[PDB]
Amino acid sequence: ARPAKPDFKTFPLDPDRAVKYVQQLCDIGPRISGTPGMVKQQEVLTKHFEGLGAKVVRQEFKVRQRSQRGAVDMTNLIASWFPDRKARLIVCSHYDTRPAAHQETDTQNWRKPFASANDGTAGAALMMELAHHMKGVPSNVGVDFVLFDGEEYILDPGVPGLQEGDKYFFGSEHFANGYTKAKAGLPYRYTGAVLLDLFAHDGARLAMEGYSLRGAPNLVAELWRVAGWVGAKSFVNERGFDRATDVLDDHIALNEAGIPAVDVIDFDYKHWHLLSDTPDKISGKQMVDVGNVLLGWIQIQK
Ligand SMILES: [Cl-]
Ligand SMILES: [Cl-]
Ligand SMILES: [Cl-]
Ligand SMILES: [Zn+2]
Numbered sequence: 027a028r029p030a067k068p069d070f071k072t073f074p075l076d077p078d079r080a081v082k083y084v085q086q087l088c089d090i091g092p093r094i095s096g097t098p099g100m101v102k103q104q105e106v107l108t109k110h111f112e113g114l115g116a117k118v119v120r121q122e123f124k125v126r127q128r129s130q131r132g133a134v135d136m137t138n139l140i141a142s143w144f145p146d147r148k149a150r151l152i153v154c155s156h157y158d159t160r161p162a163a164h165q166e167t168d169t170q171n172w173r174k175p176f177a178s179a180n181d182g183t184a185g186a187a188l189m190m191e192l193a194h195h196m197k198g199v200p201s202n203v204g205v206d207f208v209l210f211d212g213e214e215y216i217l218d219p220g221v222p223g224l225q226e227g228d229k230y231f232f233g234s235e236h237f238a239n240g241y242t243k244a245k246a247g248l249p250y251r252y253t254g255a256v257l258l259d260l261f262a263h264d265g266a267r268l269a270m271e272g273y274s275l276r277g278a279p280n281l282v283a284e285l286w287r288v289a290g291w292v293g294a295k296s297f298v299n300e301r302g303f304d305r306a307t308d309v310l311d312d313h314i315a316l317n318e319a320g321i322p323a324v325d326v327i328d329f330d331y332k333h334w335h336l337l338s339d340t341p342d343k344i345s346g347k348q349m350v351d352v353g354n355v356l357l358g359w360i361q362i363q364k
C-alpha cells in the first residue's frame with residue numbers, strides 16, 4: 027500500500079428493482095392496519111431486511127380508532143443498521159394503506175381497493191432497494207429504517223368543517239413516545255429523521271414545508287445541499303405546496319420528541335388518495351435520486 067466538501071458518494075441503486083418492489087407490495091393488495099395484507103407485508107419486509115443484514119424489531123401495540131369500538135393491532139417495524147453508534151439517524155415512512163381512496167368524488171369508488179403506491183408504499187420500497195447497499199455504506203451514525211403503522215387508518219373521514227373524522231399518526235406517536243420514555247436509559251440518541259411521503263412520482267416537486275423548516279433547519283440545509291451535489295432536481299428551494307403550506311405527517315411526533323425531522327414530500331401529487339395511485343405512477347429515477355440524497359446525508363455526518 028501507499029497513500030494516494068464532505069466525503070460521500072452515490073451508490074448503484076437500481077431504478078427498475080425499486081419500482082419492482084413497489085409493484086410487489088401493491089400486489090399484496092391493500093395493507094390496511096390490522097388486516098392479513100398488513101401481516102403479509104410485515105413478513106415480506108422482515109425477511110428482506112434480515113436477508114440483507116439488518117436487525118428487525120417489531121413495536122406491537124393496540125389502539126382504538128375514534129369511529130370504532132374494537133381494538134386494532136398495530137406494529138411498527140424497525141430495520142437497524144450499524145448498532146455500535148452513539149448517534150442514530152432515522153429514515154422513515156408509513157406502511158399502512160388508507161382504507162379508501164377518499165379523494166374520489168364518486169363514493170362508490172370508496173369501496174374499491176386502494177393501492178396507495180406513492181403513499182407509504184414507495185417509501186417502504188425505497189427502503190427495500192437501499193437495503194441492498196447499506197452494509198457497503200460507510201457511516202459515522204447508526205441508521206434505523208422505521209415503518210410506521212396506523213398513519214391513516216381512516217374508516218370515517220369526517221365531514222369537512224362539520225366533523226373531524228378518524229385519527230392519524232398512531233405509529234409515529236407510539237414510536238416517539240417510546241423514545242421519550244426510554245431516552246435517559248439509551249446508549250444512543252436520535253439526531254435526525256427523514257420521512258418519505260408522496261415523493262416518488264415523475265417530476266415530483268419536493269419543496270420545503272413549515273413543520274420541517276421550523277423543526278429541523280440544519281437537516282433541511284444538509285439534505286438540499288446533498289441534493290444539489292447529486293443532481294436530484296426534485297429537491298427545490300421553495301416554500302410549500304398548492305394543497306398546503308404546512309403538512310401534518312408522521313414527522314410531527316418525531317419533532318415533538320426532540321428529533322429534528324423533515325418530510326420529503328410533494329403534497330401536490332396528482333393521484334393523492336385516488337384509485338389511480340398505482341405503481342405505474344412511480345419513477346424509478348426519482349426513487350434513485352431520493353435514495354442517493356438519503357445515503358449522502360448519512361455519509362456526511364461526523
Ligand atoms: Cl456497527
Ligand atoms: Cl383524503
Ligand atoms: Cl436541525
Ligand atoms: Zn395518504
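Throughout the sequence shown, residue numbering follows the UniProt record's numbering, covering 27 to 30, 67 to 364 in sequence.
Where a beta carbon is used, it is the ideal one built from N, C-alpha and C, also for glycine.
Given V203 as reference, the closest of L87, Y273, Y252 once Cα atoms are compared:
Translated into the one-based positions of the sequence shown, residue 203 becomes position 141. Selected option, being the one with the closest Cα: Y252.
Once the 5 residues before and after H335 are set aside, which same chain residues still bring their CB inside 7 Å of it?
Your numbering for residue 335 matches position 273 in the sequence shown. Around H335: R160, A163, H164, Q165.
Please name the residue in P341, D206, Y241, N354 whose C-alpha comes closest to that of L285.
Counting from one through the sequence shown, the residue named residue 285 turns up at place 223. Closest by alpha carbon: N354.
Alpha carbon to alpha carbon, how far is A283 from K243? Give it in angstroms, no decimals.
Stepping through the sequence shown from its first residue, residue 243 is reached at position 181. Stepping through the sequence shown from its first residue, residue 283 is reached at position 221. For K243 and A283, the distance between alpha carbons rounds to 29 Å.
Taking 7 Å as the limit, tell me which residues put their C-beta closer than that to any heavy atom of ligand 5, in chain order.
Absence of ligand 5 from the depicted structure is noted, with ligand 1, ligand 2, ligand 3 and ligand 4 being the only ligands included.
Are the beta-carbon atoms of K148 and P68 separated by less than 8 Å?
Counting from one through the sequence shown, the residue named residue 148 turns up at place 86. Counting from one through the sequence shown, the residue named residue 68 turns up at place 6. Contact flag unset, no.
Using 7 Å as the cut-off, classify the Cβ of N280 as near or not near the heavy atoms of ligand 3, replying yes or no.
Along the sequence shown, one-based indexing puts residue 280 at 218. Checking every heavy atom of ligand 3 against the Cβ of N280, one is found closer than 7 Å.
Assigned secondary structure, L316 (DSSP; H/G/I helix, E/B strand, else coil)
Position 254 of the sequence shown, counted from the start, is the residue given in the question as residue 316. Looking at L316 - three-state DSSP - the assignment turns out to be helix.
Once DSSP output is grouped into helix, strand and coil, what is the label at residue 62?
No atoms are given for residue 62, which sits in the stretch of the chain between 30 and 67 that the model skips.
Contact belief for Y331 with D308 at Cβ below 8 Å, rounded distance in angstroms
Here residue 331 refers to the residue found at position 269 of the sequence shown. Here residue 308 refers to the residue found at position 246 of the sequence shown. Not a contact, Cβ separation roughly 17 Å.
Quick one: does the C-beta of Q165 sit closer than 7 Å to a heavy atom of ligand 2?
Your numbering for residue 165 matches position 103 in the sequence shown. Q165: yes, Cβ under 7 Å from ligand 2.
Report all residues for which the CB-ligand distance to some heavy atom of ligand 4 is below 6 Å; order them along the chain.
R160, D181, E214, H335
heavy atom of ligand 2 below 7 Å from residue 46 C-beta:
Residue 46 cannot be located in this model; the chain continues from 30 straight on to 67.
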